[PDB]
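Working through the structure, step by step
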2 protein chains.
Amino acid sequence: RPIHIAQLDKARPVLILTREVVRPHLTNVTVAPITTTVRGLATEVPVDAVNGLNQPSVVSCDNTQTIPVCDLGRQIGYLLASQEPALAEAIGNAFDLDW
Amino acid sequence: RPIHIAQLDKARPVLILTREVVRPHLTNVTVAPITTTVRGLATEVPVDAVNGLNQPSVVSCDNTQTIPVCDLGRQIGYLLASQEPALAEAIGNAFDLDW
């Protein structure tokens with residue numbers, strides 16, 4: 001579950017949502033952007049300087065995007081495996097899925 | 001879980017992934033496109049003329065996008081509630097989540 005820099009509307013840190021199993025086999029990748037604007041939504045997952053940011057930030061699961069791999073840039077961090085349960089929790093509530 | 005026409009790169013049918021609970025409260029909406037090109041991936045959910053298409057089609061959960069509501073168009077169908085378990089199954093495998 002790596003964290004790259006990606007070219008969205010502008011350069012932002014993103015969470016690779018697409019499974020790393022099939023990543024070298026696809027021309028596109030689904031990502032979740034990371035913005036410093038914390039809005040206090042359930043669909044957010046906190047990330048901080050431990051993950052690889054300057055100021056504290058959040059993974060915005062309501063704004064997931066599938067971008068070309070050409071727009072995927074430097075690898076700058078990782079989502080800790082202890083945060084994985086909350087990621088599934090964020091996506092399930094974001095889309096109303098029966099996890 | 002409605003099915004609208006949306007303006008992506010071109011006009012396509014889409015599955016509203018964003019929960020309808022918060023839909024009239026957001027300027028963006030996360031959708032999953034529907035293409036007739038069936039590739040036989042686990043991350044696909046079959047839809048047909050019952051849902052509101054001409055030829056049989058599939059929900060491509062590897063290409064989900066968050067688009068402005070301004071690009072959301074006519075309501076043309078519905079995802080049957082019996083297909084809901086497969087939708088959660090498709091997204092969970094698409095992102096490797098512990099459903």
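First, a word on what this report is: a plain description of the structure on this page. (Residues numbered from 1 in each chain as written, not as in the entry; some residues may be left out. Chains lettered and ligands numbered in written order. Heavy atoms only, no water.)

For the rest of this paragraph, the subject is the pairing of strand β2 (residues 11-16) of chain B. Residue and element names in this part refer to chain B. Inspection of the sheet shows strand β1 (residues 2-7) paired to β2 by five bridges, in the antiparallel sense. In the sheet register, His-4 faces β2, and the bridge partner there is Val-14. Strand direction decides the pairing type here: β2 and strand β3 (residues 28-35), joined by three bridges, are antiparallel. Bridge pairing in β3 places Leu-15 opposite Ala-32. (Pairing = 2+ DSSP bridges. Helix = DSSP H or I, 4+ residues; strand = E, 2+ residues; numbered from the N terminus.)

Our focus in this paragraph is the relation of the copies chain A and chain B. For the match of chain A to chain B, the screw axis carries a shift of 0.0 Å, the RMSD comes to 0.0 Å, and the turn is 180°. Interpreted geometrically, this transformation is the action of a two-fold axis. Looking at chain A, 100% of its interface residues are interface residues in chain B too, so the copies touch through the same face. (Least-squares fit on C-alpha atoms. Contact = heavy atoms within 4.5 Å.)

With 25 residues of chain A at the interface, the matching set in chain B holds 25 residues. Between chain A and chain B, roughly 2200 Å² of surface is buried when both sides are summed, and carbon and sulfur atoms account for 50% of that area. Looking at the side of chain A facing chain B, the largest losses of area belong to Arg-19, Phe-95 and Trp-99 of chain A, adding up to 31% of the total buried there. Linking chain A to chain B there are two salt bridges. Where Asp-62 of chain B meets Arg-19 of chain A, a salt bridge forms, and the shortest distance between an N and an O atom there is 3.5 Å. Summed over the shared surface of chain A and chain B, the number is 16 residue pairs in polar contact. Where the side of chain A that touches chain B is concerned, the elements lending two or more residues are β3 (28-35), β6 (65-68) and α1 (84-95) of chain A. Counting residues per element, the side of chain A that touches chain B draws most heavily on α1 of chain A, which supplies eight residues. (Buried area = accessible area lost by both parts, 1.4 Å probe. Salt bridge = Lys/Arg side-chain N within 4 Å of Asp/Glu carboxyl O. Polar contact = N/O pair within 3.5 Å; in protein donor to acceptor, adjacent residues only side chain to side chain.)

Quick look at the pattern of salt bridges now. Any two side chains of opposite charge can pair if their charged atoms end up close together. Residues and elements named next belong to chain B. On inspection of all chains with the given rule, the structure shows six salt bridges over all chains. Where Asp-9 meets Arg-12, a salt bridge forms, and the shortest distance between an N and an O atom there is 2.7 Å. Of the residues examined, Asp-9 reaches a relative accessible area of 60% and is grouped as exposed. The class for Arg-12 is partly exposed, based on a relative accessible area of 22%. (Buried < 20%, exposed > 50% of the residue type's maximum accessible area, 1.4 Å probe, protein only.)

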